[PDB]
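>
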Amino acid sequence: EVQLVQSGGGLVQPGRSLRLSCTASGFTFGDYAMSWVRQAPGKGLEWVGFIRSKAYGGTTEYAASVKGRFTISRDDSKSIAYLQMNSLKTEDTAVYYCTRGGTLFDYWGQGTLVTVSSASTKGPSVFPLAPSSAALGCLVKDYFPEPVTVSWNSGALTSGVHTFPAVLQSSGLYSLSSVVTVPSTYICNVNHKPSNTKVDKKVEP
Amino acid sequence: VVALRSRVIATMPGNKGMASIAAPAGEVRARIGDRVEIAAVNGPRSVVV
Amino acid sequence: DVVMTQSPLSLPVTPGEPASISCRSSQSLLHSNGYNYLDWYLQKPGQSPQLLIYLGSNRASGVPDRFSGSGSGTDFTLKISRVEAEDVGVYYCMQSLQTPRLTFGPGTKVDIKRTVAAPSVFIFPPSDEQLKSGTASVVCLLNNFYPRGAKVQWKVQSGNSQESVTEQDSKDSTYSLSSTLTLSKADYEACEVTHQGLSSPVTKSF
Amino acid sequence: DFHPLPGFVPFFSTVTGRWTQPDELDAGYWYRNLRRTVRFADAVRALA
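Chains as they are written, first to last, in our numbering: chain U, 1 to 205; chain B, 1001 to 1049; chain W, 2001 to 2206; chain S, 3001 to 3048.
1. Report the neighbours of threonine 3020/S on chain B: residues whose CB is nearer than 8 Å to its CB, in chain order.
2. Nearest CA to the CA of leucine 3047/S: which residue from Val1048/B, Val1047/B, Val1049/B and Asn1042/B?
3. My assumption, with CB atoms under 8 Å, is that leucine 20/U sits in contact with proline 145/U. Please give the rounded CB distance.
4. Taking 9 Å as the threshold (beta carbon to beta carbon), is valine 3038/S in contact with chain B?
5. Of all the CB atoms in chain D, is at least one closer than 9 Å to the CB of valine 3009/S?
6. At 3 residues or longer, and completely inside the segment 7-80 of chain U: list those beta strand (DSSP E) runs for me, N to C.
7. Within this structure, are the beta carbons of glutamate 46/U and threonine 2103/W separated by less than 9 Å?
8. Under three-state DSSP, which class holds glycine 1026/B?
9. Just to make sure I have the definition right: I need the residues of chain B whose C-beta is within less than 7 Å of the C-beta of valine 3044/S. Which are they?
10. Just to confirm before moving on: does the CB-CB distance between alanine 2118/W and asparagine 2144/W stay below 9 Å?
11. Scan the segment 2140-2206 of chain W and note each continuous beta strand (DSSP E) run of 3 residues or more that stays entirely inside, going in chain order.
12. Relative to the C-alpha of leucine 2038/W, which candidate in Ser2173/W, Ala2085/W and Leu2097/W has its C-alpha closest?
13. What do you get for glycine 58/U, buried or exposed, if any count of 16 or more other CB atoms within 10 angstroms of its CB means buried?
14. Taking CB distances under 9 Å as the criterion, tell me whether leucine 157/U reaches chain S.
15. Quick one: list the residues of chain W neighbouring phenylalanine 70/U, beta-carbon separation under 9 Å, in chain order.
16. Give every residue of the same chain whose Cβ lies closer than 7 Å to the Cβ of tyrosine 2035/W, excluding the five residues on either side of it in the sequence, and list them in chain order.
17. Closer than 9 Å, Cβ to Cβ, to anything on chain S: give me those residues from the segment 135-155 of chain U, in chain order.
18. Do you know how far the Cα of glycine 30/U is from the Cα of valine 2138/W?
19. Is the beta carbon of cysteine 2191/W less than 9 Å from the beta carbon of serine 2173/W?
20. Is the beta carbon of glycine 2089/W less than 9 Å from the beta carbon of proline 2049/W?
21. Counting only beta-carbon atoms, is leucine 3005/S nearer than 9 Å to chain U?
22. If we count the other Cβ atoms within 10 Å of its Cβ and call it buried at 16 or more, is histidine 162/U buried or exposed?
23. Who are the neighbours of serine 184/U on chain S, taking C-beta pairs under 8 Å?
24. Mind pulling the chain S residues with CB within less than 8 Å of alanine 1003/B?
25. Starting from the C-beta of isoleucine 2080/W, find all residues in its chain whose C-beta is less than 6 Å away, skip the five residues before and the five after it, and write them out in chain order.
26. Output yes or no for whether 9 Å exceeds the beta carbon distance between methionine 85/U and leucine 18/U.
27. How many whole angstroms separate the CB atoms of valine 48/U and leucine 83/U, which I take to be in contact at a CB cut-off of 8 Å?
28. When we look at the beta-carbon of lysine 141/U and count the other beta-carbons within 10 Å, is it buried (16 or more) or exposed?
29. Looking at C-alpha atoms only, which residue of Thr2099/W, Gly2073/W, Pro2064/W and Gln2043/W is the closest neighbour of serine 2032/W?
30. As an exercise, report each continuous beta strand (DSSP E) stretch of at least 3 residues that is fully enclosed by the segment 2034-2108 of chain W, in chain order.
31. Verify the CB distance criterion: does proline 41/U have a CB-CB separation below 9 Å to chain W?
32. Hey, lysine 89/U and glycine 8/U: beta-carbon distance below 9 Å or not?
33. Once you ignore the five residues that flank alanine 1023/B on each side, which residues in its own chain have a CB closer than 6 Å to its CB?
34. Report the neighbours of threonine 181/U on chain W: residues whose CB is nearer than 8 Å to its CB, in chain order.
35. Does the segment 2151-2165 of chain W come within contact of the segment 164-184 of chain U, defined as at least 3 CB pairs closer than 8 Å?
36. Considering only their Cβ atoms, is the gap separating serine 125/U from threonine 2182/W smaller than 9 Å?
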């Protein structure tokens, strides 16, 4: 069978280089033309560019937004595709896809988080949510990176629970709000794995 | 709940072991309390006390 | 010029019913070879997408034959015989006639069909300890509304609110919205939805 | 606490006569489990 598994995720700030490799196995690599797509978080995807097969030879197309920045190379003996980041900026914060064809993206890898953020790993500012008189919640402000899971009653309450997605503010930090909707003084906990900042909160109106 | 159960069995187990006596079910059901209460009545052949 | 390709967006599908998605093309995608040049893709929420139909009608392998499609020279129709619980995601009507391949289309986020619910507008003033921490975030929480066709207004105007919608759950088949109004210190001294669930605007402030 | 919690598969509490009560949530649950006889004869008759 076939697998275009990727590798090279990481956390970077704009202005440097990153590595993306696509492992090819189960087929002749020189027959298909490698392409690369980028998926912005929460919205639609966008073709980064592609390289043509060696037997064809051809050239390399990239998107109009990545001219002079990204290059793609290919090889048969080692059968690993290359997408190169150079001079990264904010819009590159997205999960990239390795696609198996110039015009027919007939196969798709799992995707690697290529994050170009202006923040570094820090601890979160958990803020509660006072009900009017209802639903009770607790904001998770200023955390980086995403790695966060939020449970209610320390993983005891599961009905009506939310983890709001990552929120993109201009500072490079993220925001999450977990809420439960049930009339009644609850426990919500946020665990940031990279920072080991274990926050427990008590909320009252 | 776990603390309660552990405390109940730890603070005072007593000296009551398990034994079987040959008594009829309804006959042995009359033994209530007084540290002689049945633990599991099982017909008229033999009953857990 | 660039082919204008806009499939009809927002096609909810409930398990066990026949649906059908169309698509648009500015000029004909039917080439001289007698074959159409549009591809059909479904985007997994959470992992990688897969191929549904190429040539406009020719189905790909691996996927079940339920994904049927056809079309005219311009009009196209990925005509899906039925949907199930796993048949939820974002359909992309990507035409393949003039590379470069940058635009896949806005994409058709599709979901489980259900009757229109009542959007639960929950106004939430920010915590006071946040106000002494240097920030302020009032959230007009919206829960259990469907479909997603509402935006939270901010009066007394808007512009500092962000958009943080999730995907669909299983047993409830509803949605919730998060309007986070990032605020500053001195300007702390009302939120609205225009969802189909109701008609008149419902006003509640902090 | 006075807030909702979820559950799991229902068991059959057999202390009172046979296995008829799903579970006793009273404060004397441990008391009746340790003092009140299971009355297993009826319980095992209904089991069989």
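All C-beta atoms, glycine included, are put in the ideal place defined by N, C-alpha and C.
In brief:
1. On the fourth sequence, residue 3020/S is found 20 positions in, with the first residue counted as 1. Result: empty, since nearest Cβ-Cβ is about 16 Å, beyond 8 Å.
2. One-based indexing of the fourth sequence puts residue 3047/S at position 47. Comparing Cα-Cα distances from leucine 3047/S to each of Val1048/B, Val1047/B, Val1049/B and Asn1042/B, the minimum goes to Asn1042/B.
3. What you label residue 20/U is simply residue 20 of the first sequence in a count that begins at 1. What you label residue 145/U is simply residue 145 of the first sequence in a count that begins at 1. About 18 Å separates the two Cβ atoms, so there is no contact after all.
4. The sequence position of residue 3038/S within the fourth sequence is 38, counting from 1. So, interface residue.
5. Protein chains U, B, W and S are contained in the structure displayed, whereas chain D is not.
6. 10-12, 18-23, 34-39, 45-51, 60-62 and 71-73
7. In the first sequence, residue 46/U corresponds to position 46, counting from 1. In the third sequence, residue 2103/W corresponds to position 103, counting from 1. Yes; because the gap between Cβ atoms is below 9 Å, this pair is in contact.
8. Position 26 of the second sequence, counting from 1, holds the residue named residue 1026/B. In this structure, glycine 1026/B counts as helix in the three-state DSSP scheme.
9. Counted from its first residue, the fourth sequence places residue 3044/S at position 44. By Cβ distance, chain B contributes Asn1042.
10. Position 118 of the third sequence, counting from 1, holds the residue named residue 2118/W. Position 144 of the third sequence, counting from 1, holds the residue named residue 2144/W. In this structure, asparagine 2144/W lies closer than 9 Å to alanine 2118/W by Cβ.
11. 2161-2163, 2175-2177 and 2179-2183
12. Within the third sequence, numbered from 1, the residue matching residue 2038/W stands at position 38. Among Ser2173/W, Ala2085/W and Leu2097/W, the Cα nearest to that of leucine 2038/W belongs to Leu2097/W.
13. Position 58 of the first sequence, counted from the start, is the residue given in the question as residue 58/U. Exposed, by the Cβ-count rule.
14. Counted from its first residue, the first sequence places residue 157/U at position 157. So, interface residue.
15. Residue mapping note: residue 70/U aligns to position 70 of the first sequence, counting from 1. None at all; the shortest Cβ gap to chain W is about 13 Å.
16. Locating residue 2035/W in the third sequence gives position 35, counting from the first residue. Only residues of its own chain outside the window of five on either side were considered, and among them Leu2055 have a CB closer than 7 Å to the CB of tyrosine 2035/W, listed in chain order.
17. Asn153
18. In the third sequence, the residue the question calls residue 2138/W occupies position 138. In the first sequence, the residue the question calls residue 30/U occupies position 30. Whole-angstrom Cα-Cα distance: 55 Å.
19. Taking the first residue of the third sequence as 1, we reach residue 2191/W at position 191. Taking the first residue of the third sequence as 1, we reach residue 2173/W at position 173. The answer is no: Cβ separation not under 9 Å.
20. Taking the first residue of the third sequence as position 1, residue 2089/W is located at position 89. Taking the first residue of the third sequence as position 1, residue 2049/W is located at position 49. For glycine 2089/W and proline 2049/W, yes; Cβs fall inside 9 Å.
21. In the fourth sequence, residue 3005/S corresponds to position 5, counting from 1. Output row for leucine 3005/S: interface = yes.
22. As a first step, residue 162/U must be located in the first sequence, where it is residue number 162. With 16 or more Cβ atoms within 10 Å of its Cβ, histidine 162/U is classed as buried.
23. By one-based count along the first sequence, residue 184/U stands at place 184. The answer, in chain order, is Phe3002 and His3003.
24. The residue given as residue 1003/B occupies position 3 in the second sequence. Near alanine 1003/B there are no residues of chain S at all, since even the closest Cβ is about 12 Å away, more than 8 Å.
25. Locating residue 2080/W in the third sequence gives position 80, counting from the first residue. Counting only Cβ-Cβ distances below 6 Å, and skipping sequence neighbours, we find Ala2019.
26. Position 85 of the first sequence, counting from 1, holds the residue named residue 85/U. Position 18 of the first sequence, counting from 1, holds the residue named residue 18/U. Taking a C-beta distance under 9 Å as the contact criterion, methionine 85/U and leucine 18/U qualify as a contact pair.
27. Taking the first sequence and counting its residues from 1, the one referred to as residue 48/U is at position 48. Taking the first sequence and counting its residues from 1, the one referred to as residue 83/U is at position 83. That belief holds up - the Cβ atoms of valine 48/U and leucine 83/U are roughly 7 Å apart, short of 8 Å.
28. In the first sequence, counting from the first residue as 1, residue 141/U sits at position 141. Under a 10 Å Cβ-count criterion, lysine 141/U is classified as buried, with 16 or more other Cβ atoms of the shown protein chains found around its own Cβ.
29. For the purposes of this step, residue 2032/W is identified with residue 32 of the third sequence, where counting begins at 1. With distances taken between Cα atoms, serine 2032/W lies closest to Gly2073/W.
30. 2038-2043, 2050-2054, 2067-2071, 2076-2080 and 2089-2095
31. As a first step, residue 41/U must be located in the first sequence, where it is residue number 41. Not an interface residue.
32. Counting from one through the first sequence, the residue named residue 89/U turns up at place 89. Counting from one through the first sequence, the residue named residue 8/U turns up at place 8. Their beta carbons are not under 9 Å apart, which means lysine 89/U does not touch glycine 8/U by this criterion.
33. Residue 1023/B sits at position 23 when you count from the first residue of the second sequence. Once the five neighbours on either side are set aside, the close Cβ partners of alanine 1023/B are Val1047.
34. Position 181 of the first sequence, counted from the start, is the residue given in the question as residue 181/U. Within chain W, the residues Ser2120, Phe2122, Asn2143 and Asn2144 have their CB atoms less than 8 Å from the CB of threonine 181/U, given in chain order.
35. yes
36. If you number the third sequence from 1, residue 2182/W lands on position 182. If you number the first sequence from 1, residue 125/U lands on position 125. Cβ distance not < 9 Å, so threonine 2182/W and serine 125/U don't count as in contact.
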